[PDB]
């Protein structure tokens, strides 16, 4: 069952074995991935998060972010630790009480403290549209049509040794999959369809790191949504999906009744499908209960290319149709050296006082805000452009902005910008060496919004800044509940800060 939009959500420690290997985890709702949180566009979500964590090896504090939901007027509910709140301590709870006006699509929720989401605190978050303009393109859209892609590690996130390369041990599709080494024939996920019907498959990357080449043998996929933004129909036979991105695609159950491999090839970790790694099963009703015998092509015919996507609505691009044609045009210097990432020379280290609380306490320019050099002010009611030139090690880096989606004026691997009809989204690959991926948005959401790489290991190593959007109006725009005011005193007392 889906839960919400008003629900409790308990965060616990438990053992799981999603690839046959047992390890402790941090779970929402007792499962990996967590249960789907759902409602309709415009609903009031009231998610009372109970922190019941006791195992310090995965941190006993927590904080949860509702990835891709704008939180206008509720910045305090956004979740990034030390950006919008202090963490919730064990034995306490916190009500994330917010609304989702003007948004409908496929989202997710995840811990936003340290690398804790990698230890298991990740799940889907769907905001349905009772008047969805795409409704007539499919028959079925429910919990059974959500597809999550996850990296899974045998080593605990806090225990990943300093100076050793971090790669995953299994790809999990809907929570199940097989380990890349010492592979055992543990159960694979099955996604069931009925011959003749059409499905809105909601593909969610809950990855901490790898991007996946996602495909379904014998089938193609008609993209209708990108990171919450309705798109024109785009038929592809493979989707490269980066950490934290989402697509909805129409799957037409138009192949012979049978079993077909679902493939999700990560860019690191195990390569290929030996022993059924990187795999799940598409099973038609009435098919034999057996593994598929299908194969992938050597070369896919119609891979997704991001510049092929266009909004369903006439979204345009704000500003003027040339580089720098914005009220506040930025170019960020994104670098890596010696184990740390930096943005314009500053590596992000979370501050003791959350940025939002610093602002509410009267800090009124970004030079006054901690961490020094990590908080950049944005002016209100302005077109912002951010160029994100690639080159830093560990790419391709999927950058994400809280509080906003954005026009992708320039995409990976293509030097030509698009000032007419590019897709809008919230997480974008910045590509490869010499690329100049560039985003645009307008500032109509006062508050501190995190901009960061969504490879969690990179975020932890400093690949972030905070955009303090409209500092002057942040306090008036975001009244805070007493429970939020109580978070930092409780956290600092428990931690003897």
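Rigid core (definition): largest C-alpha set, two forms, superposition within 1.5 Å. Positions refer to the first chain, counted from 1.
- Structural divergence in 9 other deposited structures of this protein between 157 to 165 and 179 to 187: following superposition by the core, 157 to 165 has C-alpha atoms lying farther from the shown form.
- Per-stretch averaging of Cα B factors for 261 to 269 and 366 to 374 places 366 to 374 on top.
- With 121 to 129 and 286 to 294 compared on mean CA B-factor from the PDB entry, the stretch scoring higher is 286 to 294.
- You'll see in the entry that, of 182, 75, 106, 427, the Cα B factor peaks at 182.
- Note on 240, 84, 361, 71: the highest value goes to 361, judged by CA B factor as recorded.
- In this PDB entry, residue 17 carries a Cα temperature factor that places it within the highest third of its chain's modelled residues.
- In the deposited entry, the Cα temperature factor of residue 474 sits in the bottom third of values across the chain's modelled residues.
- Compared with the other modelled residues of the chain, the Cα B-factor recorded for residue 200 ranks in the middle third.
- Per the PDB record, residue ranking by Cα B-factor puts residue 211 in the lowest third of the chain.
- The deposited CA B-factor of residue 433 belongs to the highest third of values across its chain.
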